[PDB]
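A.B. asks: Return atomic coordinates for the entry below.
(chains A and B, ligands or ions: 1)
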Amino acid sequence: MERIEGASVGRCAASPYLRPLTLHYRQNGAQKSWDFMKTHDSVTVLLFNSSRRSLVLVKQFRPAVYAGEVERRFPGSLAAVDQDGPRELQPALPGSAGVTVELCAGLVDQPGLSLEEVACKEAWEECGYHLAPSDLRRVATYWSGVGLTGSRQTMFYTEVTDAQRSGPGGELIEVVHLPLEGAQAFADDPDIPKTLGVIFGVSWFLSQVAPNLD
Amino acid sequence: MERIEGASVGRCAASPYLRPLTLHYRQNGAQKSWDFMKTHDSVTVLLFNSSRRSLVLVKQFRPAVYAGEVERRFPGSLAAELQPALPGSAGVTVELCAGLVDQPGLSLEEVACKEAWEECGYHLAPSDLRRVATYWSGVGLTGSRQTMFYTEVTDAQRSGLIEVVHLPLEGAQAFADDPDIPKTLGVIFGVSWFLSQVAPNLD
Ligand SMILES: CN1CCC(n2nc(-c3ccc4cc[nH]c4c3)c3c(N)ncnc32)CC1
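C.D. replies: Numbering: from 1, shown residues only, chains lettered A, B, ... in the order given. And now the structure:
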């Protein structure tokens, strides 16, 4: 997975996910405008494999994050693309720089689907776990962009057994069974690039669900 | 504050907060590309006014959120000017005290005590602040880091259009949970974390 070659940044003109806009409005009398983007809602899922006493997460490379780490470590690298085409990434960091630990997640695009379905979908696709929309329990709903994106995200949790997990042996995204003993320590450790989701999830599970179990 | 007129959605060409890009790369052999934006890092602060036994938050209108709520409630509205008519109260969010990490150099703490002064009217010293967590916010389209800090306050540091919200602790939990209030995961985590971590070891 963690093998990325020939990173090059190019200027984006059209994109389905992008679609930036400007909102003009008179606040408290004063006429203003704001720059933001039509971006997609999303759903996240926490799995607890009761049979293994582990939590289920997705470690994967994120390009956004990778390019983010390159900008910190070599500023200006993300100078505006003004060329015949893409700029090559001059100091190119290891693939392991864009690699994040996250909750199982996905966009809310498919027209109609109850969030739960979009959840059980990602839970199948990403983790290889069969889920039923009745199994899922709403944890929280909140906004992610606020600044540049008015996107909602909804979070769900459900318990699983090895009976719902089945995968063959013939790998874009890693699956991460986090054993519960180490869960807390793991969340805290700043060496691991994670989302607040991840941190909240573990934090929440341990406080809310963990005590009322075997 | 919550008074917004003449909402219209408009095509953006240039922006100080935009600069989207496409990253071309060969992963595991396979050539791919991703759409994302050069965006700034950020810092957030949780204040606990010990004197009032309240937590300190910022309620403000966010245009992004407002337009987001209009799209949920009337899809396609964001087809490629348009007048929603939805109330100003639809873009109004409760958030942690927050700011960009733009000013070149500043130790995060300073950017924190800055926003804490500017937004909440609370005097803060970088020594007061306690790192809570660091994590990524965009992941999808951004890949920006955010750092979160917490510190306790007394009415003695508070003396200084965004609202300030003293959330009393009794109601804090219920408040976080309630989906009627547009909030960030920050907000949710903050309350969640404070109650579990700090609240028990106090009077
Ligand atoms: C099976 N295919 C699905 C679409 C692919 N994809 N997915 C995203 C993406 C993923 C998550 C989020 C969250 C907010 N915006 C997002 C965008 C994305 C992007 N920004 N550009 C190009 N291709 C992208 C990945 C592989």
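A.B. asks: of all of chain A, which residue lies closest to the ligand?
C.D. replies: residue A:17 (4.2 Å; C-beta to the nearest ligand atom). For the C-beta atoms, the positions are set from N, CA and C on the backbone; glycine is no exception.
A.B. asks: ranges for the strands of chain A?
C.D. replies: Ranges of strands in chain A, per DSSP state E, are A:4-11, A:20-27, A:30-37, A:42-49, A:54-61, A:87-88, A:99-102, A:104-107, A:137-143, A:152-160, A:174-179.
A.B. asks: picking that back up, for the residue of chain A closest to the ligand, give me its contacts.
C.D. replies: Contacts for residue A:17 (C-beta atoms under 8 Å, 6 or more residues apart in numbering or on different chains) come out as A:39-40, B:35, B:140-141.
A.B. asks: Show me the two of these that sit farthest apart.
C.D. replies: Comparing every pair within the contacts of residue A:17 by C-beta to C-beta identifies A:40 and B:35 as the most remote, at 12.0 Å.
A.B. asks: residue in chain A nearest to chain B?
C.D. replies: residue A:150 (2.5 Å; C-beta to the nearest C-beta).
A.B. asks: buried stuff in stretch A:158-172?
C.D. replies: Neighbour counts over stretch A:158-172 (16 or more other C-beta atoms under 10 Å in any protein chain shown) mark A:158, A:160, A:164-165 as buried.
A.B. asks: before we move on, what about stretch A:14-28?
C.D. replies: Per 16+ other C-beta under 10 Å, stretch A:14-28 contains these buried residues: A:17-18, A:20-23, A:25, A:27.
A.B. asks: Same question for stretch A:188-206.
C.D. replies: Across stretch A:188-206, burial judged by 16+ other C-beta under 10 Å covers A:193-206.
A.B. asks: Kindly report the same for stretch A:110-125.
C.D. replies: Within stretch A:110-125, the residues that count as buried by 16+ other C-beta under 10 Å are A:115-123.
A.B. asks: Can you list the neighbours in contact with it?
C.D. replies: By C-beta under 8 Å, 6+ apart, the residues outside stretch A:110-125 that reach it are A:43-45, A:47, A:104-108, A:129-133, A:135-136, A:154, A:156.
A.B. asks: redo that, cut-off 10 Å
C.D. replies: Applying C-beta atoms under 10 Å, 6 or more residues apart in numbering or on different chains, the contact partners of stretch A:110-125 are A:41-47, A:56, A:58, A:103-109, A:129-138, A:141, A:152-158, A:160, A:164-165, A:173, B:75.
A.B. asks: ok, of these, which come out buried?
C.D. replies: For the contacts of stretch A:110-125, buried by 16+ other C-beta under 10 Å: A:41-47, A:56, A:58, A:103-108, A:129, A:131, A:135-136, A:141, A:152-158, A:160, A:164-165.
A.B. asks: can you narrow these to ones near the ligand?
C.D. replies: Restricting these to those near the ligand by C-beta under 6 Å from any ligand atom leaves A:42, A:107.
A.B. asks: Surely residue A:192 touches residue A:202?
C.D. replies: No. Residue A:192 lies out of contact with residue A:202 (C-beta atoms under 10 Å); the separation is 11.5 Å.
A.B. asks: What residue, apart from its backbone neighbours, is nearest residue A:179 spatially?
C.D. replies: Of all residues not flanking residue A:179 in the chain, residue A:54 sits nearest, at 5.1 Å (C-beta to C-beta, 6 or more residues apart in numbering or on different chains).
A.B. asks: Enumerate the beta-bridge partners assigned to that neighbour.
C.D. replies: residue A:49, residue A:179 (DSSP bridges).
A.B. asks: ok, now which ones touch it?
C.D. replies: Contacts for residue A:54 (C-beta under 10 Å, 6+ apart) come out as A:47-48, A:160, A:176-183.
A.B. asks: Equivalent analysis for residue A:180, please.
C.D. replies: Neighbour list for residue A:180: A:48, A:52-55, A:186, A:202, A:205-206, A:210, A:213 [criterion: C-beta under 10 Å, 6+ apart].
A.B. asks: and if you look at residue A:5?
C.D. replies: Residues counted as contacts of residue A:5 (C-beta under 10 Å, 6+ apart) are A:92, A:95, B:25-29, B:31.
A.B. asks: tell me, what's touching residue A:40 and residue B:35 both at once?
C.D. replies: Each of A:16-17, B:140-141 lies in contact with both residue A:40 and residue B:35 under the rule C-beta under 10 Å, 6+ apart.
A.B. asks: Would you check that residue A:67 makes contact with residue A:77?
C.D. replies: Yes. Taking C-beta under 10 Å as the definition, residue A:67 is a contact partner of residue A:77 at 8.2 Å.
A.B. asks: Quick check: nearest residue in space to residue A:61, chain neighbours excluded?
C.D. replies: residue A:98 (4.7 Å).
A.B. asks: tilt between the longest helix along chain A and strand A:42-49?
C.D. replies: Ranked by residue count and defined by DSSP state H, the top helix of chain A is helix A:196-208. Taking axes from the mean of the first three to the mean of the last three C-alpha atoms, to 10 degrees, one finds that helix A:196-208 is oriented at 40 degrees with respect to strand A:42-49.
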